[PDB]
Each structure stands twice: as structure tokens, then as C-alpha cells.
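> So the sequences go chain by chain: B and A. With the deposited numbering as the guide, the letters of the first sequence map in order to residues 4 to 257, 265 to 543. With the deposited numbering as the guide, the letters of the second sequence map in order to residues 1 to 257, 265 to 542. Each residue gets a CB set at the ideal place from its N, CA and C atoms; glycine is no exception. Take this structure first; my questions come after.
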Amino acid sequence: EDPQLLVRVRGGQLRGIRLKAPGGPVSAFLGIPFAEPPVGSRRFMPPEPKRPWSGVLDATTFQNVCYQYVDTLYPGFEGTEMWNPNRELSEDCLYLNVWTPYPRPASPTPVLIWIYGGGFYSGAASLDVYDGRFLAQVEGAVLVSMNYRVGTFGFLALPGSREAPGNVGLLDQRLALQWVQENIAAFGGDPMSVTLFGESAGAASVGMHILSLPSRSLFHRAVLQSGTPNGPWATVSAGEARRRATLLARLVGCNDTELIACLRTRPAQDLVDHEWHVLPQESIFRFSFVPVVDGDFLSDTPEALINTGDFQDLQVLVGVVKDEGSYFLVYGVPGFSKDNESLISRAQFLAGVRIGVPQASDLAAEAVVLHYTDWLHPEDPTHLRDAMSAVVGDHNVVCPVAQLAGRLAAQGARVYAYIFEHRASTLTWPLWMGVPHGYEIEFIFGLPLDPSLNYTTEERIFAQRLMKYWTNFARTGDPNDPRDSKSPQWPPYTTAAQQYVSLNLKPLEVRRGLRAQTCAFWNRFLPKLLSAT
Amino acid sequence: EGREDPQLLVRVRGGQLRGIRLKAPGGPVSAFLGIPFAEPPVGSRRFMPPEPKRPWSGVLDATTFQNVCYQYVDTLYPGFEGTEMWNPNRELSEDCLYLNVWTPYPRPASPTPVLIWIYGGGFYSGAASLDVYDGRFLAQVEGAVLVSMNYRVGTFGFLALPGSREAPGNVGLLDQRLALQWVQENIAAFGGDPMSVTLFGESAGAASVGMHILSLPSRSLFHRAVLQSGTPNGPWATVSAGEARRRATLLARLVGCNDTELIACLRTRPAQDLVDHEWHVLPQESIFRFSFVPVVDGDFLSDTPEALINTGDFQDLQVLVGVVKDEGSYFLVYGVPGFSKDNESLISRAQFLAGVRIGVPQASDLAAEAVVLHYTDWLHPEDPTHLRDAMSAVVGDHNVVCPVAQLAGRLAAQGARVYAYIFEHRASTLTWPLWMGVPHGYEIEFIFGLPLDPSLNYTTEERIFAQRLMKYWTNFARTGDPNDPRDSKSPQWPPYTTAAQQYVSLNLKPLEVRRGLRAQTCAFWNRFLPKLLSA
């Protein structure tokens, strides 16, 4: 049969499948195992390289989604189900996919590795929004995406113990990164030009591979979309991780060795049934089992590592969307709903601030309220609704992104920053949510170029601009086209000028100040306050 | 009596007075200067409340200004008009409780509304005889009856050992009240209507006006109030009884002194000796802080000014309040390193933080950090021009603009009729540097109508502008409304409300309505900083 779909990696032979993109065919290799299935005795354990196989392994199908929590808030609603697993759940899930142009590239091609998001408790590399078909066909890119263990199976930790050291979900990603080093050349990819890019928890994971040295020799450039390793949600301390793991074992009827042995004896859903019951406070944008500051993978807190690291030969692309926190409000904040316009009172606004900032003392809570209050219209329900979205967005994404971009730029790194402001015509969420958390991904991957999904012609051309931005950054470390000269260049973000650009259908517009005033409150003041308590 | 001007002889409760016919740009005015309204608070009466003036025999000559109350004299810029125009222009003496009256010439037939001026000067300086307080223009052009009194300042007016009998405190405010009583009894002899008495003052005079609003024995002596760049509430206008006692007992130590024995010693000290040590009793290195100010004594002020404006009914009451564009720039050249009137005062970020500790002397390390980060321009956090302007805004907002914004909001929500303004025009005659903008107190010369005097080298637009302000002030005195019913062709001045927060801009252009008086920044000063200062 077709030899273009027959590849030999270090573990055996694979059979790909020629898929059809709007502009031509592409070779896809879906479901390649990169690790032994972490089942039974290997639950909570670091992954290990997949053993070789005999014959021709069929790599034409998406494998199983890592066992994870499934959303139940809006059943049947496209806005939530598009992130739900599209394959059967299983702890046997350490598989990756490779897209490449058809025919296989003649020259070594830069590789983009996608790390999906989902709050470290959900997500899969098989969702339609992560379809590397278009980037491989239009830009000739070799695109890689891997599944990593999420939730308890990927990040339940009893720090110091050996049967649950923590961060094994991140170690899954690193093992797939080494698999790319050892095998992507057989697909036409260049192992010396590997760019990691991910969104939300995937962006945070990308940032942690920057801050973990064994991972750094596996990639060269990074893209962090709406997520950072630093911040209030991406990591936990060893003491808090041990508390949540112990409380989870108590809720399921379970010396560290004997405790984890008991945890290895329960169905996967038994653990998922109680993973949301370990958070210390009523919260939104807080996740139970996330990466842990273990002194191993993360030698110190992300804030400490970005404050003192040498990033001179690293190039990064960071950015946010226009409404980072609007999505999260309907998941625990009284007065918000996707169906009504969520015009809240003021008493609701303060009650929501205690949920959006669950670590804030009463004084720190008031400081947030008085800061985001429009003191000319202190009770106009439209602003307090929009302000509540801004509190969660700025606290968890925007200002953590601003602090990271400044620290990287200050210590040698080459930083490009953006804000994504276009709202998709196909969006099914209400308009008061604006551009919600994660709705730039479909444009980066080039989905508007599929005529069957009913995007506007300008959205189709907008997606092409973003694909060229990302691939140019992967090819060169610079998102600017070295072909098209043209009036406005995307300038590097610096600590002095603080320049970033806006990604919408209008041409590039350079702005200065990534919410410098508001993020000064979050990054500089509020740490000193949560200290006066 | 016999060969004199019959239009200039008046009798008051204490005897007869001979006024003087003064010349104004567009006609003559009657002036009665140096009318004694109290027994000289000298000797054993130092620090004591004022007593009413015992009647005199014969005709008292009321043709020249009397003595200025003993006070500190500013000598930071010798011979510089910007500082000299506020210095005493008469002899310094503890014998200083005298007031002045300006009326049209001849004196009006029907009763005329009365404007009473209370000067400012941080409760340590000031005089009713300064040229910028000349009431001849308001009396000639607007036909108003203007009164201004001298009150004791500094230690002589506000040194207090609360609870004692020999130094009860607030005697400088009692000097003002006694003059308001003098107006109630005697202003009818000049053509003034004692049932239409409007108080107006600036800086500490505006604070004094506010304290008469919050003190009941004074509130029966007037009907309307104007507060220019000053409030009874705020960080500088008052001190607690314990702090006033501490500053008073410390000053006594610094000059060589049971309260009775202590004050008996202070009364034996020369007046200049108290002035020489007046500034040595401040708790910290500070600007816009004054050693001896009104004390919360549970008597004149039953509670703090903040407590009384929060719990007080003001439905009966119309006020005009406002600020100038640069309230704090004046005070920076008086203690903040890096600022001078002779250079551009471009400062570094380090000097900006050093100044924040001086401008906010009561702030902890954390509170001072909140001010610095709030006022920092994070796109140019080391630009010396913004840092210098931020330092001016910190002092101006903390001491004036936000206390005024706090006062207008509380009074309006409690039923009062409030009109608010921001004075934005810089006098073409200003001798201060341009970077100071419109400094503290440089709207007074326009409200009193000094640009009408042709010899003062003002522009013609400034003369027209001054006339427009005089009518704003006098219409509010006449009606409780600065607006003109004789002219609907000019834009109207809406009251300040909690809903709309409307105020107007006072400059060389027609009235322009604005919303919110620095709402975001003053929420930090008025709402957040007090709560954080509890830590």
C-alpha cells in the first residue's frame, strides 16, 4: 500500500492515514504509544518508554482519552461539549499524534508540539479544535500532540513518597518530548527546531518545561496562550498536595506506601467522584490536582524560578484573550448564567469576589472590590458583571502573563505579546461573555479554512494570518513575516516599552501596557496584604 | 461731629464709628476698618475664650486696618510676591480681635445680604487686611455687605489642654463666632440683612466654615456657607484631645514650663517665644500639617468632623465647595527634597517615595506603598515630570480634593444643597513657576474681583472672568443658587448629587459640567486607606 504512510520509529513500524484538508492531502499518525500504559501498579507513577512492538502498528485512529472528569453543567450544549472527551476514557492513554504534509517533507521541518489545557483535570489531544490537519497542509508544519494523565492519575502527590512523587502528568509530556527527539526525524521533522505551544493548563505546562532543566534540552521555543506556570492556580505546595491526596484517600475508605496501595485498588471513577471535594475553599478557577512544587521537577516555586533564571537564549510568545474570566463565572458564582445576561447586584459582586479570590482576607477582598468598582456607577449591574469577569481574568491569567512576560524579557528572553480580541461568529456562548477563555485556539489551528463549519470570509483570512504568525515564530523565533515587509511590525515585549499587539480582523495595532495599573495591584501590592493576616 | 461726611458715621452696640470713603474702579464704597469686637485677649486672657468688647466713649476711628494676630512670618523667599502677599501687612500684636466692614456708598437702603470672610493660613497665620481680601469690589460692583474678622492663630488661638479652664482650646474658632454674633446684632446699622448671612473662606478658613456648620451654637448665626479648598474633616484640620494635650505640654517644655501652673507659665512667655517653638511639636517630618489647630473637645466639636457629617441632618443648608487644579504643588517646596520654585523640580523615584512619607506622615510602610503604586505611571515609572506631578497630586488629593469630595457626598446624601466646582485658570500675574499650575489659594484674588483694579495688570478676559465669579458667589449668597435667573443664555450650574456627581469648571470659558470629582482616586483615600491603616 501507500509508502508515504509507512514510518519506522525506534519501537517498530507505523501505518498512517492520508487525510483530506481543504487545500490537499496530509499524512496523519494517530495513537502512537510513547509509554507503557500507566495502569494497575503504575498508577500515580512516572511513565516509562513504550516497549517495542512487532509487525505494522495501526496508527490511523485517535486512542483513548485519559480518564478524567466530564462536564455536566450544560448537557448537549456545543459550548461545553466541544471540550468533553470524544473517545472512551481509560487510564491506558499515553498516546501521541503526528500530522505532516503529504507527501512527507523532503527537508527537515520545524515541529510544533501542542499541549492541551483543561485545568490539569481534563482535556485530550483528539478534540476537533486541536486538529493539526490545517497547519500541516497550509504551512507544511510537522505538528505533534500528546495525551498526558490529568486529575488524580496525573498529579495526585504524596511528596517525598516513591509510589506517588507527583507531577507524573508533566513527566508524560516530557517523555513525549523525548520521543519527538528520537523519532520525529523519521516523519520529516527537525528535532533541532521544536516549538512547544499550549493553552490554559497546557500553557502553564509549557512554562514549567521552561523552568525544569531536564525538559529544556527537548525544545527551543515556547508559546503560552492564556496560562502561566506562575499564578494562583497552576501549582500547589508539597504540604497542600499531601493534604488533598490524604483527604481524597479518606473519602474513598483509604504510612504512604499502604495509603497509595489502597488508592491503586479503586475504579477510576471512584477517584473522580471525590476529586472536586478537596479544595480548601469554595472557588472558581481552582483545581484540585495540579503540578506540585516538589523540589525535583520544580526546584522552587515558579515565581522564584522566573525571578532568578537565565533565559537569554529562549524565545517565547505569550498572550491572552479579551475576556479571560467570563467563562468561569457560571461555574459557582451566584447570579451568572449562560442563558440570561447575568446582570448582578453589588452584594453579589462582593460574594463573587470571595469566590474568585478564595485566598483573600476580608481586607484584601475589599481592596479588590474598591479597585474594580466604577465609583461613578457603583451599582450599574452591567459594570459589576463585566468587572467580576475582569477580577477572575486578571487575577488568574492576564496579570500572571504580564508578570511572566516582564520577568522573561528582563532576564534575557525574547518575548512577543498579544491580546486576542476577535469573537467567533460561530460562538454559542452569550455575548456578555465576549471572547471567552480558550476561543482563540480554533483560529490558530486554522479551522475557519474548513468551509463546512460556516466561518466568515474575513475569519478565514484572519486564521491564515495567525497560522503564519505561529509558524513563523516556530521557524525563526519571530512572528513577523520575513517576506511581507509592510507598515506595522510586531515588536518584542520589553520591560521598558511594554509593547504588545492586538489580534483581530483589523491590521496589527501595537499597544503599550498589559494592564499596567491593574496588574500592578495584583502583582505588586496584594502580595503585601496577604501577609498582614 | 459737625464737618465730617454724614454718610460715614454709624453707631454699633459698643459706641460710634467713623468710616472712610474708599475709591473702587467704578465708584466709591464705605469702609469701616478695625472695629473692635472683643476685649484684647492679652495678659491673663491669653489662651482664654474672647469676651465681648466693652463699650467705648466718643467716636472710634474706623478708617485703617488694625493689628494682625501674632503669627509666624514666612521667610523662605525674601521679597518674593508669591509668599509676601500672604505675610502680615500690619503690626503683629495679641491685641488683634478686630473686624472690617465694606458696604456700598451711600450705604444701602433696603437690607442687603451679608458675606463674612474667614481667611486661611493653616490656623497659624493669616489676616483680614491682606490686599487679596479687599471687599471693596464685591461691595461696589455687587452691592454686597462684606465682613471679615481677625481670629487668633497658632498657639494663641488653638493651644489646648483639653478639660482645663485656662486653656480649653478652639478659642480661635470662638473669636470667629463672636464676630458672627457681632454681625447678628450690629450689621443692620450698615444696611446688612442679618437674616441673609453667608460664610465663605479658604484653606483653614474653609475648614473653620465647616466647623461652624458642625457646631450648633454657631449654626444659628448664618444661613449659607462656601468652602474653598478646605474641609473640617481631613488629616490636618483637627487634632484629638490627647494629641492637642501632648503638643501643648511639649511646647511648654521647649520654652521652660497640674494644668493651671503650666498655662500660667506659658502666659508669662513673650509672644515671639511661643512662635519660635511653635513648629517643634509636630509628631513627624511633614508638610500640610500644623501644630495648633482646632481640637475635638466634645464641646465646640461634639465628635470628630467625620462622625458629625456622617450623622447629621443638613436639609436646611446650601453650600458651595470646590478646589483648584493644583492643591498640593505649593506645599512641596516647603519640606520635600528635590522641589524648588526656581528649577523645574524634576525628581527621581527615590525622592518621590521620600516625599510620600512626608506628605502622608501618618502612613505605615504598607500604606505608604499603596500610595506609591497607585500614583505610579507604570508605563514611565521613572519619568521625573510625572513623578513631580504625582507628588503634587498626592498632597493635593490627600489634604483637599478627597476631603472635599467626601464632604460634598455626605452633605448631599443628608439633604443639603451642594454646588461643586474646580478652579482651573492660572492668573497671568502669578509669580510662582509654571510647574505649580494653579496653586493653593490663587482663586481668591478672582472671587474678590481684584482684576477689576486696572493698575494690577490683569488681562481683559481675566476681568470679565472675575466679574462672572463674583456673580456666582453673590447669587449663591442672595438665593442659595449661583445660577442667574436674569440670564438663561449661559449654561446652568447643576447641584452636586450622589447619583450624578456633577461639578463645573471655572475658567475663561463658559461653564462646563463634569461628572465625578476624582472618584476612583478618592475611593482609595476615603474608603480603603482608613481600613488598611487599622493594621
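In the stretch 497-514 of chain A, which residues sit with their C-beta less than 8 Å from some C-beta in chain B, listed in chain order?
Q508
> Count the other CB atoms, across all protein chains shown, that sit within 10 Å of the CB of A/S220; report buried if there are 16 or more and exposed otherwise.
exposed
> Give a yes or no on whether 8 Å exceeds the smallest Cβ distance from B/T383 to chain A.
yes
> With respect to the alpha helix (DSSP H) encompassing B/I471, which residues constitute its N-terminal and C-terminal limits?
467-486
> Return the first residue and the last residue of the alpha helix (DSSP H) that A/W182 is part of.
171-186
> Would you kindly report the start and end of the unbroken beta strand (DSSP E) that includes B/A526?
Here B/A526 belongs to no beta strand (DSSP E); instead the alpha helix (DSSP H) covers 526-530.
> Cβ of A/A377 less than 8 Å from any chain B Cβ?
yes
> When the cut-off is 8 Å and only beta carbons count, does B/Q369 lie next to chain A?
Cβ-Cβ to chain A under 8 Å: no for B/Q369.
> List the residues of chain B that A/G523 touches, going by C-beta distances under 8 Å, in chain order.
Simply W385, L386.
> Could you tell me the alpha carbon to alpha carbon distance between A/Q369 and A/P235, rounded to whole angstroms?
9 Å
> Starting from the Cα of A/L524, find the closest Cα among A/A542, A/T505, A/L539, A/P517 and give me that residue.
A/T505
> Just checking: is the beta-carbon of A/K538 within a distance shorter than 8 Å of some beta-carbon in chain B?
yes
> Does any residue of chain B have a CB that is nearer than 8 Å to the CB of A/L360?
no
> Using only the alpha-carbon positions, how far apart do A/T64 and A/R11 sit?
17 Å
> So, helix, strand or coil for B/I454, using DSSP?
helix
> Quick one: what does DSSP say A/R13 is sitting in, helix, strand or coil?
coil
> Please classify A/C69 as buried or exposed, where buried requires at least 16 other C-beta atoms within 10 Å of its C-beta.
buried
> Which chain A residues are close to B/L373, counting only those with a beta carbon under 8 Å from its beta carbon?
The contacting residues are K538, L539, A542.
> Starting from the beta carbon of A/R534, find every residue of chain B whose beta carbon is closer than 7 Å, and list them in chain order.
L380
> Would A/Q325 count as contacting chain B if we go by Cβ distances under 8 Å?
It does not; no Cβ of chain B falls within 8 Å.
> Tell me, to the nearest whole angstrom, how far the beta carbon of B/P168 is from that of B/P49; I am working on the premise that it is less than 8 Å.
7 Å
> Going along chain A, which residues have a C-beta under 8 Å from B/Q527?
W385
> Thinking just about the alpha-carbon of each residue, which of A/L60, A/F47, A/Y426, A/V145 is nearest to the one in A/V29?
A/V145
> So what does A/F32 bridge to, in DSSP terms?
Bridge partners of A/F32: A/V101.
> Please classify A/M211: does DSSP put it in a helix, a strand, or coil?
helix
> Which residue from B/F299, B/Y337, B/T318, B/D384 puts its Cα closest to that of B/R356?
Nearest Cα to B/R356 within the set B/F299, B/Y337, B/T318, B/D384: B/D384.
> So, B/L97 versus B/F37, is the Cβ gap smaller than 8 Å?
yes
> How close, in whole Å, do the beta carbons of A/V209 and A/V197 come, if the pair is a contact with beta carbons under 8 Å?
With 8 Å as the limit, A/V209 and A/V197 do not qualify as a contact, their Cβ atoms being about 12 Å apart.
> Let me check understanding here. Comparing Cα to Cα, which of B/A427, B/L515, B/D491 lies closest to B/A507?
B/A427
> DSSP puts A/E313 in a beta bridge; with which residues?
Bridge partners of A/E313: none, in fact.
> Between B/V343 and B/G362, how many whole angstroms is the CB-CB distance? I'm expecting something under 8 Å.
4 Å
> Leaving out five residues before and five after A/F483 in sequence, what residues of the same chain have Cβ atoms less than 6 Å from its Cβ?
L327, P489
> What does B/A530 touch in chain A if you count any residue whose Cβ is under 8 Å from its own?
Ordered by position in chain A, the residues that pass the 8 Å Cβ test against B/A530 are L380, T383, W385.
> Helix, strand or coil for B/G157, going by three-state DSSP, please let me know.
helix
> Grab the span of the alpha helix (DSSP H) containing A/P391 for me, first residue to last.
391-403
> If A/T392 sits next to A/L353, beta carbons under 8 Å apart, how far is it from one beta carbon to the other, in whole angstroms?
6 Å
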